[PDB]
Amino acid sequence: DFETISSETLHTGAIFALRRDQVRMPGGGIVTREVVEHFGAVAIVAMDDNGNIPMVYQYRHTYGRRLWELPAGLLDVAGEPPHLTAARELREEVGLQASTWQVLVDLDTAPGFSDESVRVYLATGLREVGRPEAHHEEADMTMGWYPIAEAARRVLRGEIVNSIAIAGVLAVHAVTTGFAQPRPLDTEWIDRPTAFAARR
């Protein structure tokens, strides 16, 4: 079922495209299904030798306020491998470098209307290296180190609400409590976006 009958691009912006598709429903009808094409992104849970991780306080215009989040960046560099996008962004945002990288959790942010998918890595064996000069939203953001457990409590207390940070924080929390294990970098990323990047 669910066959796409027609695709019409309604808008192409800086980081996503708006597309309206006509989809055939179970009953036999046809409906509007609008999708927001997104580059996709990556985030990093950089855990240090004592179980602490870095988070950034970044202003989000969508909410008109700053949220506590994990270091993260868009896959807006055509051809750049995701784990490189991760390492690059970790260094730029929290000035860190890691000797070990594994896959923590992948999340599909808003399945209802966007194809954006985000891969969260767990970076260990941390090294403090230089951080570049930031621009825009990043020139305003700050950071703080949190024990994974407190970070986990912050989520359950509503102090952390960014879906990417929630997933990574609770996922690493499950790992540090011995409930689960990290995963190989070559783990399949089923829903990694391709549409918007494919546009150009």
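Only the largest set of C-alpha atoms that superpose within 1.5 Å between the two forms is called the rigid core. Start at 1 and count along the sequence shown; that's the residue number.
TODO: Consider 123-131 and 92-100 separately and indicate which one has Cα atoms farther, on average, from the shown form in 4 other deposited structures of this protein after rigid core alignment.
DONE: Of 123-131 and 92-100, the stretch deviating more in 4 other deposited structures of this protein is 123-131.
Open item on the list: Where both flanking residues are modelled in the other PDB entries compared, is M25 itself missing in a third or more?
Closed with: It is, since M25 is left out of at least a third of the other entries that model both flanking stretches.
Task: Third-or-more of other entries without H38 - done: No, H38 has coordinates in all the other entries compared.
Task: Stretch with the higher entry mean CA B-factor, where the candidates are 184-192 and 20-28 - done: 20-28 has the higher mean C-alpha B-factor.
TODO: Compare the mean C-alpha B-factor of 144-152 with that of 163-171 as given in the PDB entry, and name the stretch with the higher value.
DONE: Result of the comparison: 144-152.
- [ ] Select one of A110, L90, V105, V129: the residue whose C-alpha shows the highest B-factor in the crystal structure entry.
- [x] When the deposited C-alpha B-factors of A110, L90, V105, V129 are compared, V129 is largest.
- [ ] Choose from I44, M47, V36, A139 the residue with the greatest Cα B-factor as stated in the PDB record.
- [x] Going by the entry's C-alpha B-factors, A139 comes out highest.
TODO: Quick one: classify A78 as lowest, middle or highest third of the chain based on its Cα B-factor.
DONE: Within its chain, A78 is a highest-third residue by C-alpha B-factor, going by the deposited values.
- [ ] Determine, from the deposited record, the chain-internal third of the Cα B-factor for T100: lowest, middle or highest.
- [x] For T100, whose C-alpha B-factor we compare with every modelled residue in the chain, the answer is the highest third.
Open item on the list: When the deposited Cα B-factors of this chain's modelled residues are ordered and cut into thirds, is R65 in the lowest, the middle or the highest one?
Closed with: For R65, whose C-alpha B-factor we compare with every modelled residue in the chain, the answer is the lowest third.
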